[PDB]
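Presented below is the structure to which this report refers.
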Number of protein chains: 2
Amino acid sequence: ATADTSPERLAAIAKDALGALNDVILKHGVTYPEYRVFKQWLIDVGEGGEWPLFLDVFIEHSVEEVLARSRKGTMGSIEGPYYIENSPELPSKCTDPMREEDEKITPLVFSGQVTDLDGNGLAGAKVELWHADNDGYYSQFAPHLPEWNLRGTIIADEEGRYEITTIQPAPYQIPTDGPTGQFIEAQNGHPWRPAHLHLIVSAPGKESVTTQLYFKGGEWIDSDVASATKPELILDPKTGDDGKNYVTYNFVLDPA
Amino acid sequence: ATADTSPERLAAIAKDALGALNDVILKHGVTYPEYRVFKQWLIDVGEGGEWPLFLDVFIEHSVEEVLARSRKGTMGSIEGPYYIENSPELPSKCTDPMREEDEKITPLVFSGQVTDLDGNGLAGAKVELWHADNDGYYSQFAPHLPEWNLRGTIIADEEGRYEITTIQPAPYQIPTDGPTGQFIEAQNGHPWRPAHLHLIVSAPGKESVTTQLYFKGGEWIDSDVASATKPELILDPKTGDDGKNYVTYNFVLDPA
Ligand SMILES: [Fe+3]
Ligand SMILES: [Fe+3]
């Protein structure tokens, strides 16, 4: 990973970041014993491989909040740590790869169109979708799952349209047996995200959007540990006589 | 390491700490590419064993600043990462263990008395001293050095007095081939501390003090990378006809 950043830019960032953390220590009167526990917890986070996990929960939302300022199209949200590139391409009407156990779950039929800022349908558009199974696992981050379970890249039709069938996502618990869990448990926090879809939607000439979609009424919608849910990203699916949940949502991309 | 800290206390600390870091991201418009470099640098700090190093430089001074509020005796300073307990006991008049190469250095003769807040000399008092060699190495953090090089615990006399001979400390460069060095180099910073002695001074019934002493006129006195030097802790040694540097400094301890 490389950035553009000038020494002068880094210096300024570092100075208020360090200055703010130091202000918090003074404000709360952080003690030597607390400093020692903090130092061991940092070490533990690294040893536990939880930097991506911790940062995406507690920091990423601010970085997307920045990116949001320059965007006029559909609201973005955090990526989180479980995106994988090159998920297998699928037709504009399709179902995600899934296991026999996933076929037990109420299906979700997600339809819509990828457009520009004026609502024109975009040719060449792609919808990359990934999400957790009903057990709260992501493929490629769970040894028992086939590697593309609930992952694909949907090739939208000539008008930018898609119809994607998957399983209805369920609330997502952040892994709690590590340092991050310890940190949340230790302040009587709630290690939970509302049920969600992750998406990256892209089109030639357009800026891709990384976002997430949630479900009206869902548990943890008003208390996402990642602070990443937005009102604009809440779906209200309707259940059909086939027992499936149907919902349409359009993507609106900014120019590149 | 354990603290007392209540969940409610942790929650409040975490909230303004996270809230402040998030404020800095928004203030500077931290970009996705910068976020990725930050995430890899955190990982690098852990992999490099540099948590103690980084925190003691950039964070500890604030934690001592808190502790300072409740103290009336001699100014404290940061401990830094190189204190070792149980350094070999020495008489009230003594010289620190050192190598033949250290005997090449101009000697420093450090005298004084350990007292209470009213200036009464304290019996039972101890002065634990450690500091870098002229090459900028600390024993036990440099494979070539004998383990107590420039380390001891001085047993002060019945009146709390000591006379300790050592070598004149020289400016201290923080280790720069790791993530911390990278971080400092990347903002055109200065990876240097002024020459210093580290001390922990203790007496029965009294609160120990962890502090440091520096040298009038010394390089980096006005630009310590650790932000840890205090005007009150600056020695002005006088050179005798024997070529040695003499200085007296008294310790004034708070009640326990
Ligand atoms: Fe997720
Ligand atoms: Fe030092």
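Here, A, B, ... name the chains of the structure tokens in the order displayed, residue numbers run from 1 inside each chain, and ligands are numbered from 1 in the same displayed order.
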
Could you build a table of the residues in chain B lying no more than 12 Å from ligand 2, giving for each the nearest pair of atoms and their separation in Å rounded to one decimal place, using only C-alpha atoms and all ligand atoms, ordered by chain and ascending residue number, as CSV?
```
residue,atom,partner,partner_atom_place_in_ligand_line,distance
B:53,CA,ligand 2,1 (Fe),10.5
B:56,CA,ligand 2,1 (Fe),10.0
B:57,CA,ligand 2,1 (Fe),9.9
B:77,CA,ligand 2,1 (Fe),10.7
B:78,CA,ligand 2,1 (Fe),9.0
B:79,CA,ligand 2,1 (Fe),7.9
B:80,CA,ligand 2,1 (Fe),6.1
B:81,CA,ligand 2,1 (Fe),7.8
B:82,CA,ligand 2,1 (Fe),7.1
B:83,CA,ligand 2,1 (Fe),8.9
B:129,CA,ligand 2,1 (Fe),10.9
B:130,CA,ligand 2,1 (Fe),8.1
B:131,CA,ligand 2,1 (Fe),6.0
B:132,CA,ligand 2,1 (Fe),6.6
B:133,CA,ligand 2,1 (Fe),10.3
B:136,CA,ligand 2,1 (Fe),9.0
B:137,CA,ligand 2,1 (Fe),9.2
B:138,CA,ligand 2,1 (Fe),8.1
B:139,CA,ligand 2,1 (Fe),11.4
B:141,CA,ligand 2,1 (Fe),11.5
B:150,CA,ligand 2,1 (Fe),11.9
B:169,CA,ligand 2,1 (Fe),9.9
B:170,CA,ligand 2,1 (Fe),10.4
B:171,CA,ligand 2,1 (Fe),9.5
B:172,CA,ligand 2,1 (Fe),7.0
B:173,CA,ligand 2,1 (Fe),9.3
B:174,CA,ligand 2,1 (Fe),8.9
B:175,CA,ligand 2,1 (Fe),11.5
B:192,CA,ligand 2,1 (Fe),10.4
B:193,CA,ligand 2,1 (Fe),7.8
B:194,CA,ligand 2,1 (Fe),9.1
B:195,CA,ligand 2,1 (Fe),8.1
B:196,CA,ligand 2,1 (Fe),6.5
B:197,CA,ligand 2,1 (Fe),7.1
B:198,CA,ligand 2,1 (Fe),6.4
B:199,CA,ligand 2,1 (Fe),10.1
B:211,CA,ligand 2,1 (Fe),10.5
B:212,CA,ligand 2,1 (Fe),8.4
B:213,CA,ligand 2,1 (Fe),10.2
B:214,CA,ligand 2,1 (Fe),10.6
B:224,CA,ligand 2,1 (Fe),11.2
B:225,CA,ligand 2,1 (Fe),11.5
B:226,CA,ligand 2,1 (Fe),9.8
B:228,CA,ligand 2,1 (Fe),10.3
B:229,CA,ligand 2,1 (Fe),11.3
```

Close residues, residue 114 in chain B itself excluded, 9 Å, only C-alpha atoms, min 3 positions apart in chain, as a PDB file with N, CA and C atoms, in the first residue's frame:
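Written file, selection_28.pdb:
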```
ATOM      1  N   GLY B 119      12.722  18.986  53.151  1.00  0.00           N
ATOM      2  CA  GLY B 119      14.170  18.990  53.040  1.00  0.00           C
ATOM      3  C   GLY B 119      14.866  18.115  54.043  1.00  0.00           C
ATOM      4  N   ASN B 120      14.107  17.360  54.845  1.00  0.00           N
ATOM      5  CA  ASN B 120      14.776  16.384  55.726  1.00  0.00           C
ATOM      6  C   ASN B 120      15.327  15.194  54.979  1.00  0.00           C
ATOM      7  N   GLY B 121      16.568  14.839  55.299  1.00  0.00           N
ATOM      8  CA  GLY B 121      17.268  13.730  54.654  1.00  0.00           C
ATOM      9  C   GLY B 121      16.588  12.441  55.036  1.00  0.00           C
ATOM     10  N   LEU B 122      16.467  11.535  54.077  1.00  0.00           N
ATOM     11  CA  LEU B 122      15.742  10.278  54.289  1.00  0.00           C
ATOM     12  C   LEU B 122      16.686   9.115  54.368  1.00  0.00           C
ATOM     13  N   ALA B 123      16.560   8.374  55.451  1.00  0.00           N
ATOM     14  CA  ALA B 123      17.231   7.095  55.605  1.00  0.00           C
ATOM     15  C   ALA B 123      16.436   6.034  54.834  1.00  0.00           C
ATOM     16  N   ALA B 125      16.960   5.252  51.705  1.00  0.00           N
ATOM     17  CA  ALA B 125      16.693   5.695  50.347  1.00  0.00           C
ATOM     18  C   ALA B 125      17.561   4.993  49.301  1.00  0.00           C
ATOM     19  N   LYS B 126      16.996   4.825  48.101  1.00  0.00           N
ATOM     20  CA  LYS B 126      17.667   4.149  47.012  1.00  0.00           C
ATOM     21  C   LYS B 126      17.582   4.967  45.735  1.00  0.00           C
ATOM     22  N   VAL B 127      18.694   4.964  44.997  1.00  0.00           N
ATOM     23  CA  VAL B 127      18.740   5.602  43.694  1.00  0.00           C
ATOM     24  C   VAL B 127      19.083   4.595  42.594  1.00  0.00           C
ATOM     25  N   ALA B 156      21.665   4.800  49.473  1.00  0.00           N
ATOM     26  CA  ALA B 156      22.048   6.135  49.989  1.00  0.00           C
ATOM     27  C   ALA B 156      22.401   6.039  51.466  1.00  0.00           C
ATOM     28  N   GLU B 159      21.896   9.681  55.958  1.00  0.00           N
ATOM     29  CA  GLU B 159      21.302  11.006  55.736  1.00  0.00           C
ATOM     30  C   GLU B 159      20.652  11.152  54.339  1.00  0.00           C
ATOM     31  N   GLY B 160      20.697  10.102  53.528  1.00  0.00           N
ATOM     32  CA  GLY B 160      20.033  10.124  52.242  1.00  0.00           C
ATOM     33  C   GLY B 160      20.973  10.579  51.152  1.00  0.00           C
ATOM     34  N   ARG B 161      22.265  10.587  51.447  1.00  0.00           N
ATOM     35  CA  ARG B 161      23.281  11.124  50.530  1.00  0.00           C
ATOM     36  C   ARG B 161      23.931  10.055  49.656  1.00  0.00           C
ATOM     37  N   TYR B 162      24.389  10.494  48.479  1.00  0.00           N
ATOM     38  CA  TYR B 162      24.961   9.601  47.481  1.00  0.00           C
ATOM     39  C   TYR B 162      26.027  10.390  46.742  1.00  0.00           C
ATOM     40  N   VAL B 201      13.952   6.846  42.254  1.00  0.00           N
ATOM     41  CA  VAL B 201      14.417   7.179  43.605  1.00  0.00           C
ATOM     42  C   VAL B 201      13.282   6.933  44.560  1.00  0.00           C
ATOM     43  N   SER B 202      13.600   6.248  45.642  1.00  0.00           N
ATOM     44  CA  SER B 202      12.585   5.641  46.487  1.00  0.00           C
ATOM     45  C   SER B 202      13.048   5.694  47.937  1.00  0.00           C
ATOM     46  N   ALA B 203      12.093   5.723  48.854  1.00  0.00           N
ATOM     47  CA  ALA B 203      12.420   5.770  50.285  1.00  0.00           C
ATOM     48  C   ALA B 203      11.242   5.194  51.126  1.00  0.00           C
ATOM     49  N   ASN B 250      19.514  17.175  44.303  1.00  0.00           N
ATOM     50  CA  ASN B 250      18.763  16.520  45.387  1.00  0.00           C
ATOM     51  C   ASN B 250      17.435  15.946  44.923  1.00  0.00           C
ATOM     52  N   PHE B 251      17.045  14.806  45.492  1.00  0.00           N
ATOM     53  CA  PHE B 251      15.693  14.242  45.267  1.00  0.00           C
ATOM     54  C   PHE B 251      14.774  14.561  46.453  1.00  0.00           C
ATOM     55  N   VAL B 252      13.547  14.931  46.136  1.00  0.00           N
ATOM     56  CA  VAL B 252      12.544  15.397  47.090  1.00  0.00           C
ATOM     57  C   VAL B 252      11.345  14.517  46.798  1.00  0.00           C
ATOM     58  N   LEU B 253      11.058  13.617  47.733  1.00  0.00           N
ATOM     59  CA  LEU B 253       9.982  12.651  47.594  1.00  0.00           C
ATOM     60  C   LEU B 253       8.659  13.047  48.290  1.00  0.00           C
TER      61      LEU B 253
END
```

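Each of B:155, B:256, B:186, B:221 was checked against chain A using only C-alpha atoms; the smallest atom-to-atom distance is that of B:186.
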
Backbone DSSP call of alpha helix (DSSP H) for range 21-247 of chain B, listed as a PyMOL selection string: chain B and resi 21-28+32-47+51-58+60-68+100-103+179-186

Would you put the residues from that selection into a file with C-alpha atoms, as a short mmCIF file (atom, residue, chain, number, x, y, z; two decimals), in the first residue's frame?
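Saved to selection_26.cif:
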```cif
data_model
loop_
_atom_site.label_atom_id
_atom_site.label_comp_id
_atom_site.auth_asym_id
_atom_site.auth_seq_id
_atom_site.Cartn_x
_atom_site.Cartn_y
_atom_site.Cartn_z
CA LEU B 21 -8.92 10.07 15.95
CA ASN B 22 -12.01 10.19 13.78
CA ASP B 23 -12.07 14.00 14.06
CA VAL B 24 -8.42 14.10 12.84
CA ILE B 25 -9.32 11.95 9.78
CA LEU B 26 -12.18 14.35 8.91
CA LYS B 27 -10.08 17.48 9.66
CA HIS B 28 -7.27 16.40 7.29
CA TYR B 32 -8.30 5.48 1.46
CA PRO B 33 -4.72 5.02 0.27
CA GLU B 34 -3.45 6.75 3.48
CA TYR B 35 -5.76 4.53 5.58
CA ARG B 36 -4.16 1.44 3.92
CA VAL B 37 -0.61 2.67 4.59
CA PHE B 38 -1.67 3.40 8.28
CA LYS B 39 -3.11 -0.10 8.62
CA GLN B 40 0.11 -1.75 7.28
CA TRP B 41 2.30 0.49 9.54
CA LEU B 42 0.36 -0.62 12.68
CA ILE B 43 0.95 -4.23 11.66
CA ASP B 44 4.60 -3.42 11.02
CA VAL B 45 5.02 -1.82 14.51
CA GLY B 46 3.81 -5.09 16.15
CA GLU B 47 5.85 -7.39 13.89
CA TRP B 51 5.15 -0.97 20.69
CA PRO B 52 7.16 -0.05 23.82
CA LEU B 53 9.55 2.01 21.76
CA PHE B 54 6.84 3.97 19.86
CA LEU B 55 4.55 4.50 22.87
CA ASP B 56 7.25 5.65 25.30
CA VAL B 57 8.42 8.21 22.75
CA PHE B 58 5.06 9.55 21.57
CA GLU B 60 4.23 8.21 27.80
CA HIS B 61 4.95 11.91 28.39
CA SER B 62 1.20 12.52 28.66
CA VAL B 63 0.81 9.70 31.25
CA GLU B 64 3.60 11.21 33.37
CA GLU B 65 1.97 14.69 32.91
CA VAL B 66 -1.11 13.19 34.68
CA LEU B 67 0.95 11.64 37.48
CA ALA B 68 2.73 15.02 37.87
CA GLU B 100 37.28 -0.48 29.61
CA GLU B 101 35.91 1.43 26.59
CA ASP B 102 33.61 3.42 28.97
CA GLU B 103 36.65 4.50 31.05
CA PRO B 179 8.59 1.22 11.69
CA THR B 180 9.13 4.04 14.25
CA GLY B 181 12.21 5.28 12.31
CA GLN B 182 10.17 5.09 9.09
CA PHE B 183 7.43 7.15 10.71
CA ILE B 184 9.87 9.84 11.96
CA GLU B 185 11.90 9.89 8.69
CA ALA B 186 8.70 10.12 6.63
#
```

Every residue of range 42-202 of chain B that DSSP places in strand (DSSP E or B), as an MDAnalysis selection string: chainID B and resid 89:90 93:95 107:115 121 126:130 151:155 161:167 172:173 192:193 197:202

N, CA and C atoms of the current selection, written as a tab-separated table (two decimals), in the first residue's frame:
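Output (part.tsv):
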```tsv
chain	number	residue	atom	x	y	z
B	89	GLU	N	23.20	-3.83	43.82
B	89	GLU	CA	23.27	-2.78	44.83
B	89	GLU	C	24.70	-2.26	44.98
B	90	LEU	N	24.80	-0.94	45.16
B	90	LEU	CA	26.08	-0.26	45.36
B	90	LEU	C	26.06	0.64	46.62
B	93	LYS	N	28.64	5.93	48.18
B	93	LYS	CA	29.69	6.45	47.29
B	93	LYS	C	30.20	5.32	46.41
B	94	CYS	N	30.10	5.51	45.08
B	94	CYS	CA	30.36	4.37	44.21
B	94	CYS	C	30.62	4.79	42.78
B	95	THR	N	31.10	3.85	41.96
B	95	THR	CA	30.99	4.01	40.51
B	95	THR	C	30.19	2.90	39.82
B	107	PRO	N	34.32	11.42	32.85
B	107	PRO	CA	33.50	10.99	34.00
B	107	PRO	C	32.52	12.07	34.46
B	108	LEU	N	31.41	11.59	34.99
B	108	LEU	CA	30.43	12.45	35.60
B	108	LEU	C	30.26	12.03	37.05
B	109	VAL	N	30.42	12.98	37.96
B	109	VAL	CA	30.30	12.70	39.38
B	109	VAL	C	29.06	13.38	39.89
B	110	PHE	N	28.07	12.53	40.19
B	110	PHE	CA	26.71	12.98	40.51
B	110	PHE	C	26.47	12.78	42.02
B	111	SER	N	26.29	13.89	42.72
B	111	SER	CA	26.16	13.93	44.21
B	111	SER	C	24.83	14.55	44.62
B	112	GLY	N	24.40	14.26	45.84
B	112	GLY	CA	23.16	14.85	46.27
B	112	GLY	C	22.60	14.10	47.45
B	113	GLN	N	21.37	14.44	47.76
B	113	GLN	CA	20.66	13.90	48.90
B	113	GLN	C	19.19	13.67	48.58
B	114	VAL	N	18.65	12.58	49.14
B	114	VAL	CA	17.24	12.25	49.00
B	114	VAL	C	16.50	12.78	50.26
B	115	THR	N	15.52	13.64	50.05
B	115	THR	CA	14.83	14.28	51.18
B	115	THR	C	13.31	14.17	51.05
B	121	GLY	N	16.57	14.84	55.30
B	121	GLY	CA	17.27	13.73	54.65
B	121	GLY	C	16.59	12.44	55.04
B	126	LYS	N	17.00	4.83	48.10
B	126	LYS	CA	17.67	4.15	47.01
B	126	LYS	C	17.58	4.97	45.74
B	127	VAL	N	18.69	4.96	45.00
B	127	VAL	CA	18.74	5.60	43.69
B	127	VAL	C	19.08	4.60	42.59
B	128	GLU	N	18.10	4.27	41.76
B	128	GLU	CA	18.34	3.35	40.66
B	128	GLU	C	18.64	4.16	39.41
B	129	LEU	N	19.82	3.92	38.86
B	129	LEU	CA	20.31	4.71	37.78
B	129	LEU	C	20.57	3.80	36.61
B	130	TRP	N	20.14	4.22	35.41
B	130	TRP	CA	20.54	3.54	34.15
B	130	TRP	C	20.58	4.61	33.06
B	151	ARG	N	24.43	0.47	35.01
B	151	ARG	CA	23.18	0.26	35.78
B	151	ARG	C	23.53	-0.06	37.22
B	152	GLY	N	22.86	0.58	38.18
B	152	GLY	CA	22.99	0.06	39.56
B	152	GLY	C	21.91	0.57	40.46
B	153	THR	N	21.78	-0.02	41.65
B	153	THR	CA	20.92	0.61	42.63
B	153	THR	C	21.75	1.10	43.83
B	154	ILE	N	21.80	2.42	43.92
B	154	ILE	CA	22.64	3.07	44.89
B	154	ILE	C	21.90	3.16	46.22
B	155	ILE	N	22.52	2.56	47.23
B	155	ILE	CA	22.03	2.53	48.60
B	155	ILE	C	22.54	3.81	49.27
B	161	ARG	N	22.26	10.59	51.45
B	161	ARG	CA	23.28	11.12	50.53
B	161	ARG	C	23.93	10.05	49.66
B	162	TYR	N	24.39	10.49	48.48
B	162	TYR	CA	24.96	9.60	47.48
B	162	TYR	C	26.03	10.39	46.74
B	163	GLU	N	26.99	9.66	46.20
B	163	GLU	CA	28.00	10.21	45.28
B	163	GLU	C	28.33	9.14	44.26
B	164	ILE	N	27.87	9.34	43.03
B	164	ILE	CA	27.82	8.28	42.05
B	164	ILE	C	28.65	8.74	40.87
B	165	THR	N	29.66	7.95	40.54
B	165	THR	CA	30.46	8.25	39.34
B	165	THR	C	30.10	7.37	38.16
B	166	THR	N	29.95	8.01	37.01
B	166	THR	CA	29.59	7.30	35.82
B	166	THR	C	30.27	7.99	34.64
B	167	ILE	N	29.80	7.72	33.43
B	167	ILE	CA	30.31	8.44	32.26
B	167	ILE	C	29.28	9.48	31.87
B	172	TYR	N	21.04	10.75	22.50
B	172	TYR	CA	20.56	9.41	22.29
B	172	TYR	C	19.65	9.33	21.05
B	173	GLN	N	20.06	8.53	20.05
B	173	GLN	CA	19.26	8.33	18.84
B	173	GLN	C	18.27	7.19	18.98
B	192	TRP	N	15.86	12.02	17.84
B	192	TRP	CA	16.94	12.22	18.83
B	192	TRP	C	16.40	12.68	20.13
B	193	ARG	N	17.04	12.20	21.21
B	193	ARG	CA	16.79	12.68	22.55
B	193	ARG	C	18.06	13.40	23.05
B	197	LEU	N	20.28	10.91	31.99
B	197	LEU	CA	20.30	9.87	32.99
B	197	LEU	C	18.86	9.45	33.27
B	198	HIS	N	18.60	8.15	33.46
B	198	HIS	CA	17.31	7.68	33.99
B	198	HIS	C	17.44	7.33	35.46
B	199	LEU	N	16.45	7.71	36.26
B	199	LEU	CA	16.51	7.40	37.69
B	199	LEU	C	15.16	7.05	38.27
B	200	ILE	N	15.16	6.06	39.15
B	200	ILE	CA	14.05	5.84	40.04
B	200	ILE	C	14.56	5.95	41.49
B	201	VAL	N	13.95	6.85	42.25
B	201	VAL	CA	14.42	7.18	43.61
B	201	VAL	C	13.28	6.93	44.56
B	202	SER	N	13.60	6.25	45.64
B	202	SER	CA	12.58	5.64	46.49
B	202	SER	C	13.05	5.69	47.94
```
